[PDB]
Amino acid sequence: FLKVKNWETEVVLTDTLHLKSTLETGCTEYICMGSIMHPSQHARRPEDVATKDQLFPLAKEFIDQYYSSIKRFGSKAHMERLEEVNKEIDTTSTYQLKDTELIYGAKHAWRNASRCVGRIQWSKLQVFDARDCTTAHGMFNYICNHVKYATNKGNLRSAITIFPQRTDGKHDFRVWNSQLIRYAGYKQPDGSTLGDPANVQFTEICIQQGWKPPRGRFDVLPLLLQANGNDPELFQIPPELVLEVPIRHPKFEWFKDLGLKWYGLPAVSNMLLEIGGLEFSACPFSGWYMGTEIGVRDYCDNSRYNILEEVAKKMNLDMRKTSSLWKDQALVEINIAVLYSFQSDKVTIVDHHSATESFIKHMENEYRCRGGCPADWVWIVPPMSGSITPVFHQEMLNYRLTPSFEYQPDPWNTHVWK
Amino acid sequence: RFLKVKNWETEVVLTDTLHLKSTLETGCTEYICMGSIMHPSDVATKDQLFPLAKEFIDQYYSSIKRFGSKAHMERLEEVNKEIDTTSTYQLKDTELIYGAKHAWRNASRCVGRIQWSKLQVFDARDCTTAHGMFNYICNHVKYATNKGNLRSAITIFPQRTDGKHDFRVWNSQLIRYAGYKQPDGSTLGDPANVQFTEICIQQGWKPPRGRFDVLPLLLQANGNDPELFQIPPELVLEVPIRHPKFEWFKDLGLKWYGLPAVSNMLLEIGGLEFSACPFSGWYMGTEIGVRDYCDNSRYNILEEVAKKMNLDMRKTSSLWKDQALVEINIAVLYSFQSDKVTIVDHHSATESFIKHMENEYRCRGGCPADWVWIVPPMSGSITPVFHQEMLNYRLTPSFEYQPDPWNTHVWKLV
Ligand code: HEM
Ligand code: HEM
Ligand SMILES: Cc1cc(N)nc(COc2cc(CCN(C)C)cc(F)c2F)c1
Ligand SMILES: Cc1cc(N)nc(COc2cc(CCN(C)C)cc(F)c2F)c1
Ligand SMILES: C[C@H](O)[C@H](O)[C@H]1CNc2nc(N)[nH]c(=O)c2N1
Ligand SMILES: C[C@H](O)[C@H](O)[C@H]1CNc2nc(N)[nH]c(=O)c2N1
Ligand SMILES: [Zn+2]
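Residues numbered from 1 in each chain as written, not as in the entry; some residues may be left out. Chains lettered and ligands numbered in written order. Heavy atoms only, no water.

What the deposited record gives as its method is X-ray crystallography, and the resolution it gives is 2.300 Å.

Below, the structure written as structure tokens:
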């Protein structure tokens, strides 16, 4: 057992759930890597098709956990299912998840996402089974429906769409986009950058793939879909499905004249979903934004939109030195605008005070019913106003549970074309 | 066997070989990370003290490029002679200064480490009484405060012997305001220090029962009962907090002290334990302005400032707390600069610390850092340490925590 204390309320939780931890965190008792982006390459099976003694033990574990979840350990259906995975693996070197197993594993991957502040909602995920897809066109149909359903005219709903699992590796389904909706980034001739600088390499892949770019600041990027390992394919998301919020300020009338907007749907599309030894290399999932993701990081990182110096000018701020806190002060007004805009257009959005409060409650709930909750303090603490949110003063144990979401290399580094 | 760290903003990559040296446990395991735990997990005999001593002397003579030398080998023999016959040994003045400087340098949670080498070390190992401790500490303060041009300093008192004759400063910092719990449940002054205020009052302190009463020193020498001493007012530099734009801000009546002086930590060198070792530098703005003034368990002036800003304090998505918080830290920096009291803001400090980190990688092979503590408690993302990965390990000499003296001391009067 390992206790965790809240240094603001003195609540102490007692974690036993960590004992079911399978993968290495990256830490040793002599060195802590809690601030490394990807601390560990400890996967669960070799990079392409594993052998029977490699795959079944992972499969046996998940099926065990799922039947144990529904209070049917060792039942008729449980024992039959193991034997069924046994024969599938025998004759296909893989196995196929039942519909309910798919939904259980997808929801529980979200649940063990040690980095997601927005997990109090985990069991309310909508799972779209796309395991029957065969082409990039079909991938585009599935994604498009995802976006309509999730967006819900602004009343956002969490959803994941799950494309066929990895087989041998040279037949992967991928979304080459990192998120379903991102603006483009163009390397200007004078060395500067128009649009979103994180997406310059991807914006150039799209150009070199055929995309006519409008060469602006908020060009929604094309989807770039790969099916069954083949060459990826450009599709344009119908604009009427890309709900966008223009950013204005509840006080500074001049703010709208900055011509800033952002998209209302955050949909991570480049990660890998891992259930019982199976690897779903294409599993786009979406929810709704915490304000700070847009207004702190997207707008105010140096390597991102860097609107800070611009907004500070209009604020008439002494930018001669740092000790004036002109960056701090504009950062707040920006994140004030971003919130007030989304709420004004009735687009779902949550502020960092409301969401962190929820996660404290979610930790309670979890510790009380599950015996723990994995939590990555470095990522949970919002990137502005850290200590005036509850999460800051909350001790967090971090450990890796399966099912889970895993990083994976960008498909263009590992894809020989045709 | 190297370990790399990346800055996801600049994309600089640093190679850490220093982590091999460490031998003290972080608290993590291979399957759980304890990087957000505030505190993870009588005194040492002869046999534990030999290697620790050897370790330290070895690393010291290496730093002065004299490893293997006659002076190195004779020192070791001398150190063993002492432990062999008194179960302890005594650091040289050179080693004491080296050790103290490196304990700071090795403080993975300190962002201000770029100045580690400029420490002024005051040896107080000859002290024997609480009055002696008060004298030494008063000199510390006058020196460190330096009429506002603050200077880093440490004062090191006699080492632990049997855990029964221990010097301690009961004070957690050398200058802290007092806090009193009122009948009605309201709290006057600093609520952090309420329990310590009660300990003092009980021991004879006659409190002014105001909002900013400098507490007294509660000084323990040689394991005896501690003793009360009032720092001379003329040595406590204080800053009245005003705001460059908001005229009304002075009326809040806030002030803060100028000298941050940590006193309840243990300094560990060569297996020796220095249980009283107050140290001091200057302040980063956020330590007063975010945590001292705006934590809920503390002075909690957020409510009061936002009223005097006419902010909408109903819903949270108005970000009134964020907005007031910036202003309070604008005020705490402006106030110090005007009175020409040394202070660094969180932008400048993080900036410097990245430079420090990079230099420490070059010359030394790494630098242990605790991203949880290095990232400031406001505007984290727009400081460069946010985008900087950091390896964390425990190098000795180090500053450790120790239990609060009032939990473990056994009294003697009447
Ligand atoms: C519904 C509202 C949600 C909110 C407000 C939210 C918020 C966040 C935030 C702030 C992060 C930190 C990373 C960053 O700042 O970019 C994060 C990480 C993450 N979230 Fe959520 N999220 C939500 C829903 C979801 C859903 C629906 C899923 C999957 C079904 C998910 C899975 C993840 C994963 C995998 C990570 C990162 C883990 C890693 O990098 O190892 N989140 N989330
Ligand atoms: C000179 C200017 C200095 C600045 C601006 C500075 C700043 C900081 C800050 C912000 C922290 C985080 C702790 C908190 O916020 O509560 C810290 C921690 C720390 N400082 Fe420094 N500091 C300075 C000098 C020193 C000196 C002179 C020493 C000792 C010789 C020292 C030893 C430490 C230690 C040991 C910690 C870590 C506490 C722990 O591990 O729990 N610092 N410092
Ligand atoms: C569903 C959802 C909702 C929401 N409101 N926010 C998010 C943020 O999702 C992620 C963001 C990053 C950025 C990491 N950086 C290296 C680019 C990495 C991940 F693994 C994520 F899952 C997701
Ligand atoms: C010399 C110096 C300068 C400076 N500007 N700041 C500091 C802050 O050092 C510490 C602060 C805390 C606060 C931890 N909280 C529970 C109250 C605990 C420690 F052990 C520290 F060493 C020191
Ligand atoms: C170096 C550091 O680990 C890195 O910048 C992390 C810090 N914490 C984060 N927290 C969130 N929510 N998102 C991030 O991308 C990061 N980046
Ligand atoms: C629970 C968590 O570890 C705790 O609130 C820490 C986080 N980081 C911190 N960082 C600093 N500088 N000071 C602190 O007191 C803390 N508190
Ligand atoms: Zn760790």
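Caption draft 1: Highlighting the packing of helix α1 (residues 46-63) of chain B against helix α3 (residues 93-105) of chain B. All names here are of chain B. Interhelical geometry of α1 versus α3 gives an angle of 95 degrees and a closest axis separation of 11 Å. Judged by the inter-axis angle, α1 sits roughly perpendicular to α3. Between α1 and α3, the residues in contact are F56, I57, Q59, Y60 and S63 and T94, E95, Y98, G99 and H102, respectively. Taken together, the residues that form the contact of α1 with α3 break down as four nonpolar, five polar and one charged. (Axes fitted to C-alpha atoms, helices over the stretch in contact; angles between N-to-C directions. Helix = DSSP H or I, 4+ residues; strand = E, 2+ residues; numbered from the N terminus. Parallel < 35°, antiparallel > 145°, perpendicular 65-115°, else oblique. Contact = heavy atoms within 4.5 Å. Nonpolar A, V, L, I, M, F, W, Y, C, P; charged D, E, K, R; others polar.)

Caption draft 2: The arrangement of the coordination of the iron atom of ligand 1 in detail. No other protein atom reaches the iron atom of ligand 1 as a donor apart from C116 of chain A (SG), found 2.3 Å away. Mapped onto the elements of the fold, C116 of chain A is located in the loop between α3 (99-111) and β3 (126-129). (Donors = N, O, S within 2.8 Å, 3.2 Å for Na, K, Ca; no water.)

Caption draft 3: Layout of the sheet that holds strand β3 (residues 120-123) of chain B. Residues and elements named next belong to chain B. Reading across from one edge, β3-β4-β15-β12 is the order of the four strands in this open sheet, with mixed pairing throughout. Both edges of this open sheet fall to β3 and β12 (261-262), since each of them pairs with a single strand only. One ladder, built from two bridges, connects β12 with strand β15 (residues 279-280); its direction is antiparallel. Each bridged residue has a counterpart across the sheet, and for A261 the counterpart in β15 is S280. Contacts between α3 and the sheet are confined to β3 and β4 (153-156), with β3 contributing the most and set at about 130 degrees to the helix. (Pairing = 2+ DSSP bridges.)

Caption draft 4: Highlighting the coordination of the iron atom of ligand 2. The protein supplies the iron atom of ligand 2 with one donor atom, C110 of chain B (SG), which lies at 2.4 Å. Mapped onto the fold, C110 of chain B is located in the loop between α3 and β3.

Caption draft 5: Highlighting the site of ligand 3. Residues and elements named next belong to chain A. Lining the immediate environment of ligand 3, one finds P266, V268, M271, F285, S286, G287, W288, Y289, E293, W379 and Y407. With respect to ligand 3, the backbone of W288 contributes an N or O atom lying 2.6 Å from a nitrogen atom. Taken by itself ligand 3 offers 540 Å² of open surface, and the protein chains cover 59% of this. Here the residues of the shell around ligand 3 sort into eight nonpolar, two polar and one charged. There are two domains that each give the shell around ligand 3 at least three residues, and those are domain 1 (15-131 + 158-168 + 272-286 + 356-380) and domain 3 (244-266 + 289-354). (Near = heavy atom within 4 Å. Polar contact = N/O pair within 3.5 Å; in protein donor to acceptor, adjacent residues only side chain to side chain. Areas by Shrake-Rupley, 256 points an atom, 1.4 Å probe, with all protein chains shown as cover. Domains from an automatic or database assignment.)

Caption draft 6: How the structure looks around the pairing of strand β1 (residues 2-5) of chain A. All names here are of chain A. Relative to strand β2 (residues 12-15), β1 runs antiparallel, the two sharing four bridges. Residue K5 lies in a different strand from β2, and its bridge partner there is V12. What sits between the antiparallel neighbours β1 and β2 is a turn of six residues, in which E10 has the positive phi angle 70 degrees.

Caption draft 7: Up close: the site of ligand 4. Residues and elements named next belong to chain B. Residues in contact with ligand 4, as listed here, are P260, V262, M265, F279, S280, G281, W282, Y283, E287 and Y401. One of the backbone N or O atoms of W282 is found 2.8 Å from a nitrogen atom in ligand 4. Between ligand 4 and the protein, one listed contact pairs a nitrogen atom with a side-chain N or O atom of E287 at 2.6 Å. Protein contact buries 57% of the 540 Å² of open area that ligand 4 shows by itself. Looking at the shell around ligand 4 residue by residue, the class counts come to seven nonpolar, two polar and one charged.

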